[PDB]
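**Q** sharing an experimental structure here, sequence included.
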Amino acid sequence: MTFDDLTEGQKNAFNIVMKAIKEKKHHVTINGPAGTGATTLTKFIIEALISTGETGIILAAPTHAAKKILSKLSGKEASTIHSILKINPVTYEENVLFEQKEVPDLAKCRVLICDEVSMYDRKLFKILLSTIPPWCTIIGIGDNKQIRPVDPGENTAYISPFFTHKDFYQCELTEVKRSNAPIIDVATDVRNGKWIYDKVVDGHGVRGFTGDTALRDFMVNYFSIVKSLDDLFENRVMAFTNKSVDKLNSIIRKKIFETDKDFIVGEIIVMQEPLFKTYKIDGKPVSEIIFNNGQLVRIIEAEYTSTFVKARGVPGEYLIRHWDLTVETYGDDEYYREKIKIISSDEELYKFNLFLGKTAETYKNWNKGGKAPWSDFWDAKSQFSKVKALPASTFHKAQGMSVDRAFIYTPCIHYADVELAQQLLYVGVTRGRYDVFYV
DNA sequence: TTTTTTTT
């Protein structure tokens, strides 16, 4: 923006950066915490880097929604590191895994910028390190105090290697201009180990609910602020577990739209996984991305019907009652109108997984002659998608999403060990621009 | 007990 006029932390981070690029082998990760103004720095690292005449820049982001908002902030285009490292899903019998098909050329990139580096697990990181050549220098940026990478397969503290591995020289971003920042304060105390508390200035700030009536108060304060508003777009209620998140959208939806219904026309919902459209040509399929994971979409035609799923190589048909839901892109992204099959019954889903495992068993060992008709496995499985209602999300899924008012639900947070639960509250708190509430 | 990403 000012070119160089910035915080000492920024001014320095920049100077370190350029010399890591200007000399050979070395790397960098900047730790912006919240309030330290990490984004504007990142913006400046880019604009400046292009005007020095550097051709070799690429912007890599850990996720799709992350890549969207990265590409939007710089104005230059950016893809996922998976796209770059060329990490391609490879199908095995009943499973799927993401491994690196082949190492990309990467002679046209002398500077590799990563965003949200606090999401990198090790399996991904190693591929990364083994890929980038010496003529390239990785500059990561993220928050060591954000929610640590999810790696259920391995037990250990385990923050992203950007903040550990020897090859990276990491500098910290210094605190910014002191203004009235009730939320930034609390969040900076949470980063430092205090639990959430109340600080209110001017009438806006972090406010909790305690005593015998806690949830009733907290909820009655929600439905007053949200009311029948079908715009929750700026009000996000968060929780650790999905069990709680699910309980919430239930209660919340039932009051705002007065119904008992799983889906309602004109409601906005969020894709939990990508939606793929696949055409077969000359027998060999191709697929385009209709909806990225995290895309919000609007319900237009919503009807509850059944389906008879089958698989060649399995006896009979099975009746799976699901929703036929036609849905369009809601947002600043590409507009598609489509229809997905979506199962809500725990009763019905179970019935399906039953089938899903039977055909698996029979293809896993098949001598009928031939090899195995796996095409009828996934074609049949991909028939159904995953979604969640807009109002509430898990702390994990809310990273990077900034809303006017954030509503935080503590009770299930204790299922997380201290280190993480602090990362959760940190993430949770920093989501609200204006107000933050917690029970 | 609990959280979850990713491709032409």
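**A** Cool, the structure landed. Numbering: from 1, shown residues only, chains lettered A, B, ... in the order given.
**Q** the helix or strand harbouring residue A:218 - contacts with which helices or strands?
**A** In the assignment (DSSP states H and E), residue A:218 maps to helix A:215-225. Applying 3 or more C-beta pairs under 8 Å, 6 or more residues apart in numbering; DSSP states H and E, we find helix A:215-225 packed against strand A:235-239, helix A:242-256, strand A:403-409, strand A:432-438. Yep, even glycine has a C-beta here, placed from its N, CA and C like the rest.
**Q** would JSON lines of the ones you listed with distance to residue A:184 and mean neighbour count be doable?
**A** Formatted as JSON lines, the helices and strands packed on helix A:215-225 follow (distance: least, C-beta to C-beta, whole Å; neighbours: other C-beta atoms under 10 Å):
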{"stretch": "strand A:235-239", "distance to residue A:184": "18", "mean neighbour count": "24"}
{"stretch": "helix A:242-256", "distance to residue A:184": "26", "mean neighbour count": "17"}
{"stretch": "strand A:403-409", "distance to residue A:184": "13", "mean neighbour count": "23"}
{"stretch": "strand A:432-438", "distance to residue A:184": "10", "mean neighbour count": "20"}
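**Q** list just the one of those that sits closest to residue A:181.
**A** Among the helices and strands packed on helix A:215-225, strand A:432-438 comes nearest to residue A:181, with 10.8 Å by C-beta to C-beta.
**Q** for that closest one, which strands pair with it and how are they oriented?
**A** strand A:204-208 (parallel), strand A:403-409 (parallel) (DSSP bridges).
**Q** same list, the helices and strands packed on helix A:215-225, but as a markdown table with distance to DNA strand B please.
**A** What follows is those, written out as a markdown table (distance: least, C-beta to the nearest atom of the strand, whole Å):
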| stretch | distance to DNA strand B |
| --- | --- |
| strand A:235-239 | 9 |
| helix A:242-256 | 3 |
| strand A:403-409 | 13 |
| strand A:432-438 | 18 |
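**Q** include distance to residue A:13 when you put these into a markdown table, please.
**A** Compiled in a markdown table, these are given as follows (distance: least, C-beta to C-beta, whole Å):
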| stretch | distance to residue A:13 |
| --- | --- |
| strand A:235-239 | 30 |
| helix A:242-256 | 36 |
| strand A:403-409 | 28 |
| strand A:432-438 | 25 |
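**Q** spell out which parts of chain A neighbour DNA strand B.
**A** Taking C-beta under 7 Å from any atom of the strand, the part of chain A that reaches DNA strand B is made up of A:63-65, A:79-80, A:82-83, A:86-89, A:98, A:121, A:124, A:150, A:152, A:240-243, A:272, A:274, A:276, A:286-289, A:292-294, A:394, A:396-397, A:415-417.
**Q** show me which of those are buried.
**A** Neighbour counting with 16 or more other C-beta atoms under 10 Å marks A:63-65, A:80, A:82, A:87, A:121, A:124, A:240-241, A:274, A:292-294, A:394, A:397, A:416 as buried within the residues of chain A next to DNA strand B.
**Q** in helices only, show me these.
**A** Judged by DSSP state H, helices contain the following of those: A:64, A:65, A:82, A:124.
**Q** farthest-separated two in the residues you listed?
**A** A:65 and A:124 (17.0 Å).
**Q** how does chain A divide up, domain by domain?
**A** Residue ranges for the domains of chain A, per curated CATH domains: A:2-17+A:19-178, A:179-258+A:390-439, A:259-389.
**Q** quick check: end-to-end length of the last one?
**A** Using C-alpha to C-alpha, to the nearest Å, one end of domain A:259-389 lies 14 Å from the other.
**Q** just stretch A:403-415 next, same as before
**A** 26 Å.
**Q** contact partners of it?
**A** If you take C-beta atoms under 8 Å, 6 or more residues apart in numbering as the criterion, stretch A:403-415 is touched by A:196, A:218, A:222, A:225, A:233-241, A:243-244, A:248, A:421, A:424-425, A:428-429, A:431-439.
**Q** kindly report the same for stretch A:253-265.
**A** With C-beta under 8 Å, 6+ apart as the contact definition, stretch A:253-265 has outside contacts at A:223, A:226-230, A:232, A:267, A:269, A:299-302, A:304, A:323, A:325, A:342, A:344, A:389, A:391.
**Q** out of the residues you listed, which end up buried?
**A** A:226, A:232, A:267, A:269, A:299, A:302, A:323, A:325, A:342, A:389, A:391.
**Q** tabulate those residues (a markdown table), appending secondary structure.
**A** Putting the buried ones among the contacts of stretch A:253-265 into a markdown table (DSSP: H, G, I helix; E, B strand; the rest coil) gives the following:
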| residue | secondary structure |
| --- | --- |
| A:226 | coil |
| A:232 | coil |
| A:267 | coil |
| A:269 | strand |
| A:299 | strand |
| A:302 | strand |
| A:323 | strand |
| A:325 | strand |
| A:342 | strand |
| A:389 | strand |
| A:391 | coil |
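**Q** just those residues now: which is nearest residue A:110?
**A** Set against residue A:110, the nearest of the buried ones among the contacts of stretch A:253-265 by C-beta to C-beta is residue A:269 (42.2 Å).
**Q** ok, and the closest non-adjacent residue to that closest one?
**A** Excluding the flanking residues, the one nearest residue A:269 by C-beta to C-beta, 6 or more residues apart in numbering is residue A:387, at 4.8 Å.
**Q** could I get the contacting residues of the one you found?
**A** Going by C-beta under 8 Å, 6+ apart, residue A:387 touches A:269, A:270, A:271, A:272, A:340, A:342.
**Q** repeat that with 7 Å
**A** Neighbouring residues of residue A:387 by C-beta atoms under 7 Å, 6 or more residues apart in numbering: A:269, A:270, A:271, A:272, A:342.
**Q** residues touching the last one, list them.
**A** With contacts defined as C-beta under 7 Å, 6+ apart, residue A:342 is in contact with A:322, A:323, A:325, A:384, A:385, A:387.
**Q** separation between it and DNA strand B?
**A** 17 Å (C-beta to the nearest atom of the strand, to the nearest Å).
**Q** for the nearest residue to that residue once chain neighbours are set aside, which residues make a bridge with it?
**A** Nearest residue to residue A:342 in three dimensions, chain neighbours excluded: residue A:323, at 4.6 Å (C-beta to C-beta, 6+ apart). As for beta bridges, residue A:323 partners with residue A:304, residue A:342 under DSSP bridges.
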